[PDB]
Amino acid sequence: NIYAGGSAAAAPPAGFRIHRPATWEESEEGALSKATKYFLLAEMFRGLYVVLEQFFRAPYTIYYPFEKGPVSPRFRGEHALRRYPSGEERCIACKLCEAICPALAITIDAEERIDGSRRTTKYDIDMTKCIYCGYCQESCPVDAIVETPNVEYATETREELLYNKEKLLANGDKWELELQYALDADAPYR
Amino acid sequence: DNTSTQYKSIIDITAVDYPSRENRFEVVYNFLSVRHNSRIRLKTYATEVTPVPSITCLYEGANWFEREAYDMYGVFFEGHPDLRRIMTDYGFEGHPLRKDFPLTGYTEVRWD
Amino acid sequence: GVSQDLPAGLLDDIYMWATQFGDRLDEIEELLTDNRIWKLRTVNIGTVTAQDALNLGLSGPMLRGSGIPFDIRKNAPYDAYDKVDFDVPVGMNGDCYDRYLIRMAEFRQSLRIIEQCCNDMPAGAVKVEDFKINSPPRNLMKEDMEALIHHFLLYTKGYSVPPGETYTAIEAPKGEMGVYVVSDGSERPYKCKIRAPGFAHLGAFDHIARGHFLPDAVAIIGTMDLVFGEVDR
Amino acid sequence: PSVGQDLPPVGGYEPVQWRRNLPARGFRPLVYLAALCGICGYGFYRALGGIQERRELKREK
Amino acid sequence: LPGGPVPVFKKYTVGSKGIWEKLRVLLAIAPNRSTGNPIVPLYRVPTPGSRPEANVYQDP
Amino acid sequence: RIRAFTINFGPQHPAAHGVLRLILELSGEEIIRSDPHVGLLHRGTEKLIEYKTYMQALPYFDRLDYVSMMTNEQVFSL
Amino acid sequence: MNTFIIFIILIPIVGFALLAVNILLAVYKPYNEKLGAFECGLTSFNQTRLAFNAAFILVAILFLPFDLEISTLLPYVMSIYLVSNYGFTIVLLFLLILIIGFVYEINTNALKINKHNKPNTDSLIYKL
Amino acid sequence: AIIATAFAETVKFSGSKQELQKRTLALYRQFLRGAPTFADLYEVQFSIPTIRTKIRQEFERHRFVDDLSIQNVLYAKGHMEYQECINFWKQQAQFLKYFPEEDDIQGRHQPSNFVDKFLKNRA
Amino acid sequence: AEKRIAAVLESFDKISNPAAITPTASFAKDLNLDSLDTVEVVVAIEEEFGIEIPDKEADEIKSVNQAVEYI
Amino acid sequence: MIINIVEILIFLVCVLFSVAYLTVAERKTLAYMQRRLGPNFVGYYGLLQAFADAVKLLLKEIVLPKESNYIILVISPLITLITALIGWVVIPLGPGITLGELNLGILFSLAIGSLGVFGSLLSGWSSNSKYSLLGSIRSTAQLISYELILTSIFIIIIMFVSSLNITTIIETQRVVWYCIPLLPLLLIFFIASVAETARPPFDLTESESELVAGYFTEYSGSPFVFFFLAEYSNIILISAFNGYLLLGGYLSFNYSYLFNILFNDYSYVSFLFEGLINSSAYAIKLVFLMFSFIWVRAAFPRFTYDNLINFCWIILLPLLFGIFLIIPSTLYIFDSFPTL
């Protein structure tokens, strides 16, 4: 009806008060069966058996680096700068990657090339600032900056992780075929 | 404690810095009523020298929230039993969530 | 919405994982649920009363273990939780063992919801269809002038959010996760405060752990389900 | 429109198992108690017979 | 009761054949339980980089 | 007069998960007072978000409860 | 010089040889920070000895009488046939007497550490 | 409940400057008394008198502040710092922030006049 | 005994007359010791004798004579 | 002399290498119970893993903390290892086939065993940390508590035999292994042996304590090797106690008929074959008990200190006193007191 300080949904549901706990004298199991369970550790033995069953199942381990875990076309690994089939660079220095970069990991410099083209004179990625989010690759209007599926590029010195333009272009040249597999698989979804 | 409100859970306390106002800081309280399935927000104001009454007497959960509000903004809470920094480094100078505190602060560390 | 659509063979693979996850849960329960040592470590350990749970700011299992049936997915439904069928487990003793049982039941309810989503996944777009908010697809971006302009602007300036404020909360796996965001009408939030359930749980630690033994403290930390990036943001 | 999207089967998937599946196994507890009694009693029979025969060997020595 | 136990041959996990299947059924705590190893010809095949649907996908 | 014994449970401790400094006070066996010191992982995320666009701020939410990334994203998105 | 004595001499020799090899081959570069006690990476203040519970004392003290009780049965098990029925009665009486002490220990709850802090169970009463 | 820690004082803004002066001199006494505990906790090279001198210099810095609210805040923060130091919550690294002079000479060239500052582009 | 107190309070700065320490000399009136200086000398006394002195009694001390009367 | 030296070298090599390979076996067995592989890379099939760990540790710097009694901290693990290995001198792999054939062999086992608490007791004193002292105190209390249980079971067994010679105790089980009439004592002895070696689920000191990793937290280099070796050596030795007290030691089955078919007279071939059969029986029992230690580690969570002290003093010890009463009563009822 009319509620004061309440409502139908704040009324307790049917059966919300719990039943009274049962005492020892209202137990179905006799004391000898309970003592058998108590002294012979029945549920502990069930647990041991469950563990032992696993011992005869196939393990999950793979033998890295001779085998490899699953990788997908969208995976975000080490960066590369790509070319056109002619060999001309795709990057035209729009600086959209630099603007979007959540970690401010990209530093770009550009001017007019002696042939009149709009091109970068400096393209740096601080890989120790990068968060590997893929936003640069989404932002690029010409598919110039990409993330490869490569994760195996650990270094012994930090200076080796400051990628300049030569390093990134060489990465593009090195990984172009894998990049093409990934693009052929995921371009329709972008 | 009113029967039609019954906001028993304290959700959060924070501050917002408005440097144009004479009172810089607005203190925001959010409350939940599980009884009525309802939320409510309450605002007040403060400056760098005028405190606010602590609500720890009413909600124990408020304790840490007021500490964070003191650590980030410098708002004091009168009646808070144990009010000290909770986030920043020991001996940290400044309240980093003020609009005039620079993003990277004033000091950095290294091994000497 | 989401940044990309699902790839072609994903629903089938999620379904095949779902057909065996139930057994995976049963074997963990075989090791734990009835183990008398597990009960010695969890029963009547880290007890919280319902009134104190509310007063301390606890949420999620930390609250449902004390007997209070509250869950944002049922109380204030968001994205598609109103369209799926699931149950909410509620404790009565407010201890670590009740909270363990709650989490184990929540495993099963999540499996239920995942199966319903695998069966009812509809067709259409996955992000809002306004290019002033989300970027247009790339074949439009490289063919259509408006699409290119909107893409350029979204990735350099960002969209503008109407001025105002909100506190928005969801039933995150560790309890109620909220954000209080203040917009000044620009492309950058004026203020953003994160309400982490672990913050309030760790705040309640001193009230809950008093009078316990040190291993009980280890168990209580484990029952609060703490991740510290949440705690100190 | 929608071409090439991941979608569910027309009839749907067969239901998965999500409810607790921990069936009770084993004889009733008193069966294990009876087996323990029988094992121990037979062992005591053998051990006491062995002790008695050892005592007769001691007599001979 | 929906959600109840389903037999092991309706779960996409490898399992056992022949005499070993009889042995496993005799020795399992719960015979309807799967082992957890995905069936290699069926699972994540074809690989996500060689889906035919990619060449027909259009923006929805 | 009861004299508490004070232990630093953590940060470099398996149960303390590397970053919690739980200062406990024990009278023999029992905890009498507990003082969790935090901020060993305070990164200033909330300060950083104010200098980001909303789109640029989204990935910070992945890194809050870093086993529950997508629900963190979901709350910010909602 | 049987195998027993030679083996007993040989074990400590091998331990000392392994120790000597470690001393000879490992580097040794002590310095102040390395020499600190490891307590989770921090430093704690030196403290007066912790106050301990009485059960800690009681387990160790009560070990000795129970250990002596158990070890006093060695002469019985080594003489059981010789003393057969008379000594069987005597050893039963001895065991029963010691069991009375076990009963005292059990009923006094002597080895239980009681959690000093307990939930408050008082009713809430209002004077209207 | 959530109980306060060692040497915690609830925040109270004194309504009068004399009632604050009492609390302030008490805090100064506490610092001077804790100086030897500080020298033991933080394994310092310098002497106990150096610590007490530093404490005096700290309290001296605010000797002429007039506004009551500002003095209240200075007192509450000074008490926070006392609680931080006496509980060993600080490590040595942050404690030694207070003693920049105790470190050795940083170099031969600390300019004082205009020409020396101008030769280092600091004029 | 009082000579130890005179020795403690003699070795302090800001006072140019070491012989001005008469058994009933007030720090704020004769020595011209500051409020902070008074706290310092009280702490030095209580440290020299190894005794702790409570807040009210410490603040009420204002002179050498009261120091001995409490010593 | 020469034969003595050869026999001691053979026995010592077998024991030390068995201890080395028990650690590898634990890692592999835990791994396969956890659906992984374990060491399969250091050596073929991971068979050199233990030796890699040993060489690594032997080349690792020893640290002596500042507040530390350095002598006590370097000798405590040494004495625990020395007593642990000395325990092996009385274990027989066939009738009289032992390094020490002592008429007081059981007493030797118990005495050397009771020297096993001093490592935990002295390790905490090694430093000047109150965390360390409390942890060492608890571990010592657990150790002596379950020492009582083990000693009681020893005495209960000797009630059937009336001998302290280990070979004789094994020899009387040719009629029945003592685990058959006293199966609950098999369960109790295994539980107490796990507790006495401070193995999971009885590993308070190392895994829930103030110091991160027990009272060995401060140990590096060869002292750490000593503690680790002593622990695994005690696992195998306490399992050997279990084997000869309750599992019939080196007894498997009556091979008289088979030997009479195979051989027509005594030779070194028949002697070698009988020795192999006896030793293989004892070895396979030891293997099952080691596997059980690892299996129990795989299956269960830990006790607390209060739980385990209660388990020893309120549940197990009263049962053992009741058994003290009932065993001589059964021997009296049926007139079966054992002769000497």
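The first chain written gets the first letter, and so on, giving A, B, C, D, E, F, G, H, I and J; residue counts start at 1 in each chain.
One rule holds in what follows: contacts are C-beta pairs under 8 Å (C-beta built on N, C-alpha and C of every residue); 3 or more make two chains touch, one makes a residue touch a chain.
The chain list, named the UniProt way, goes like this: A = Subunit NUIM of protein NADH:Ubiquinone oxidoreductase; G = NADH-ubiquinone oxidoreductase chain 3; H = Complex 1 LYR protein domain-containing protein; J = NADH-ubiquinone oxidoreductase chain 1.
K.L.:
Which contact partners do chain D and chain G have in common?
P.N.:
Touching chain D as well as chain G, we find C, J.
K.L.:
Tell me which of D-J and B-C has more C-beta pairs in contact.
P.N.:
So, comparing the two chain pairs, more contacts are at B-C.
K.L.:
Where centres are the averaged C-alpha coordinates, which chain has the largest centre distance to chain I?
P.N.:
Looking at centroid distances, E is the chain farthest away.
K.L.:
In angstrom, rounded to a whole number, how far apart do the mean CA points of chain D and chain I lie?
P.N.:
Spacing between the chain centres: roughly 84 Å.
K.L.:
What's the distance between the Cα centroids of chain A and chain E, rounded to whole Å?
P.N.:
Their C-alpha centroids are separated by 25 Å.
K.L.:
Taking each chain's centre as the mean of its CA atoms, how far is chain A from chain C in angstrom?
P.N.:
From the centre of chain A to the centre of chain C is 18 Å.
K.L.:
Averaging only over C-alpha atoms, locate the centres of chain B and chain G and give their separation in whole Å.
P.N.:
The computed centroid separation for chain B versus chain G comes out at 51 Å.
K.L.:
Pull out every residue in chain I that's touching 2 or more other chains.
P.N.:
Residue numbers touching two or more other chains: none in chain I.
K.L.:
Give me the residue numbers in chain C that touch at least two other chains, ranges are fine.
P.N.:
5, 7-9, 19, 23, 26-27, 30-31, 35, 37, 108, 112, 123-124, 137, 169, 178, 190-191, 193, 202-204, 206-207, 210-214, 218, 232, in rising order.
K.L.:
Spell out, as numbers or ranges, the residues of chain B touching 2 or more other chains.
P.N.:
Expected reply: 37, 60, 63, 85, 87, 89.
K.L.:
Could you please write down every pair of chains that are in touch?
P.N.:
All touching pairs, sorted by chain label, are A-B, A-C, A-D, A-E, A-F, A-J, B-C, B-F, B-H, C-D, C-E, C-F, C-G, C-H, C-J, D-E, D-J, F-G, F-H, F-J, G-H, G-J, H-I.
K.L.:
Using the touch rule from the top, collect the residues of chain C that touch chain A in their complex.
P.N.:
Residues in contact with chain A: 3-5, 7, 27, 30-31, 34-37, 69, 92, 135, 137-138, 141-142, 148, 151-152, 155-156.
K.L.:
For a test of understanding, state which residues of chain E touch chain A in their complex under the given definition.
P.N.:
14, 27-29, 35-37, 44, 48-51, 54-55, 57-58
K.L.:
So in the complex, which bits of chain C are touching chain D?
P.N.:
Result: residues 5-11, 15, 18-19, 21-23, 26, 29-30, 33, 108, 111-112, 115, 118-121, 123-124 of chain C touch chain D.
K.L.:
Hey, which residues of chain D end up touching chain J in the complex?
P.N.:
Residue positions touching the partner: 36, 39-40, 42-44, 46-52, 54-55, 58.
K.L.:
Looking at the complex, which residues from chain A come into contact with chain J?
P.N.:
Of all residues in chain A, those touching chain J are 39, 44, 47-48, 51-52, 54-55, 57-61.
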